[PDB]
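Participant: For reference, the structure I am asking about is given below.
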Amino acid sequence: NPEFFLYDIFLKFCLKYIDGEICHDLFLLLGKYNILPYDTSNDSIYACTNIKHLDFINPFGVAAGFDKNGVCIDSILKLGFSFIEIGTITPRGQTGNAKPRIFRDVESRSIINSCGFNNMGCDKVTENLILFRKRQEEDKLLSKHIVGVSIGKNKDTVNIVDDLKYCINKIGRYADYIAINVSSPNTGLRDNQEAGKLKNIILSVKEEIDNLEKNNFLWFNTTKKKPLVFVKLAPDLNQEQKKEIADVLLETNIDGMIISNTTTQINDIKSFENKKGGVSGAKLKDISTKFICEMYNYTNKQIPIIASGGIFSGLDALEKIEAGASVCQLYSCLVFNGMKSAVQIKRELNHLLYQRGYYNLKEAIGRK
Ligand SMILES: Cc1cc2nc3c(=O)[nH]c(=O)nc-3n(C[C@H](O)[C@H](O)[C@H](O)COP(=O)(O)O)c2cc1C
Ligand SMILES: CCOC(=O)c1nn(C)c(Cc2ccc(C(F)(F)F)nc2)c1C
Ligand SMILES: CCCCCCCCCCCC[N+](C)(C)[O-]
Ligand SMILES: O=c1cc(C(O)O)[nH]c(=O)[nH]1
């Protein structure tokens, strides 16, 4: 498709002259007017994957934080992705921290951000998602595409369980899966990663979803089933904390763990020396991949893993898969590679699996 080529003409210009968050706003604006390219290709049946009975037509989606409000789901999915995680959303809208709060380092292909859960609130985002689902009833390019919702707490909230229960009762019907975000470094959130607190949070979320069904058509999503429950983990933990959390995740029978969110322990990027927030991009890959391996070993391979962190090429994706991941999420790749992220990474992964001696992608999950 020549449209990806035409777009890459402006990528370096964007990185050099346009503020990052403004670049992101431009991205969403172009997609709102249905001007982004379309991935016209066909996905390899040998590259599909799944988490429980949630089936992904390909192993690549957009991570949370990119379309925080679901204003652009169709166009982002039609770039070539199989799923998108909208959010993180909160019961009421928040403006976030003061701008600029996103900083890029092109040399290291890394980003640091302190957004602060800026979003339009659960009500407006629920409206946007209902409209998308109506369009999806007709759009054949969007058939079988998955939409997940990441939910969080408002800054000035003490009871996280309240905020998450409001969101579930509002938008749960419309989501294929729900991602619990207790790993953002820019809001008392990583405190909720304490084993006991986390176990209560998870079991509460999973009860509010089950309660949606007890009160009797219902599931207005892609799967026609109740949404699965994922947990997004921060990588800034010691082995003891990782073992305890893995026990909690197994005890609550969550459906998947997203490894991982941004990290605050990177300090070989001189450009970010004076900045605060979580770091993402190529500098997070090795940290993120190792974290997958640990949790893959700690949970006895019983919890599917959604990989997130420094995935730019099919080789990185295969690293994640061969570490224990079943599906991959992109974010920084879209920042530094433009619209072609999905098409290019699908092409490369397909070639890799065909050459490395794999009948299909699911055969590569695990394999150390
Ligand atoms: C500007 C920005 C905003 C983000 N917002 C969220 C968010 O709201 N919720 C969330 O779970 N992760 C959020 N993330 C983390 C990403 O979803 C992803 O986990 C992380 O960037 C690592 O992936 P990557 O290396 O491909 O960028 C955000 C990341 C960035 C850079
Ligand atoms: C949250 C962090 O987002 C960013 O900082 C960011 N930076 N760039 C260059 C991009 C990709 C991009 C955006 C817009 C355009 C276009 F306007 F040319 F179309 N091309 C590429 C993003 C996203
Ligand atoms: C439309 C028949 C099913 C009724 C209940 C769910 C409706 C939600 C429609 C979302 C789009 C789903 N799909 C499979 C058509 O792409
Ligand atoms: O989960 C999150 C949230 C934010 C933010 O909104 O600031 N940033 C991240 O890096 N991860």
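Think of each number as a place in line: the chain as shown, counted from 1.
Cβ from N, Cα, C; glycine included.
Just lifted these from Swiss-Prot, have a look:
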BINDING   64-68, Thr88, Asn181, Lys232, 280-281, 308-310, 331-332  FMN binding site
BINDING   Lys68, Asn113, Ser114, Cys115, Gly116, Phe117, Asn181, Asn186, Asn261, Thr262  substrate binding site
ACT_SITE  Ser184  active site, nucleophile
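Have a look at these and tell me how they're positioned relative to everything else.
Facilitator: Listed in sequence order, the residues of the same chain lying 6 or more apart from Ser308 (FMN binding site) and placing their CB within less than 8 Å of its CB are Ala63, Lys232, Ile258, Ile259, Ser260, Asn261, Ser288, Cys328, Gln329, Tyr331. Following the DSSP three-state reduction, the secondary structure of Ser308 (FMN binding site) is strand.
In three-state terms derived from DSSP, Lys68 (FMN binding site) belongs to neither a helical nor a strand segment and is classed as coil.
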Participant: Residues other than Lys68, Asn113, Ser114, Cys115, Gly116, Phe117, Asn181, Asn186, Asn261, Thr262 within 8 Å, Cβ to Cβ centroid, of the substrate site?
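Facilitator: Near the substrate site, beyond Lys68, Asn113, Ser114, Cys115, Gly116, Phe117, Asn181, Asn186, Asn261, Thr262, sit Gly65, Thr88, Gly96, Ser184, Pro185, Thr187, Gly277, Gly278.
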Participant: Let me know the whole-Å distance spanning the Cα atoms of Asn216 and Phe217; 5 residues are not modelled in that stretch.
Facilitator: 10
Participant: Which whole-number value in Å describes the distance between the Cα atoms of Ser280 (FMN binding site) and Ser184 (active site, nucleophile)?
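Facilitator: Cα to Cα, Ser280 (FMN binding site) and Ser184 (active site, nucleophile) are separated by 12 Å.
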Participant: By a 10 A CB contact count over all chains shown, which of the binding-site residues listed here is most packed: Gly116, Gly310?
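Facilitator: It comes out as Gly310.
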Participant: Minimum Cβ neighbour count within 10 Å among the binding-site residues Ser114, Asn261: which residue?
Facilitator: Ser114
Participant: If the substrate binders are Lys68, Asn113, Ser114, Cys115, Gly116, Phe117, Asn181, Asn186, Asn261, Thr262 per the record, what's the largest distance between their Cα atoms, in Å?
Facilitator: 16
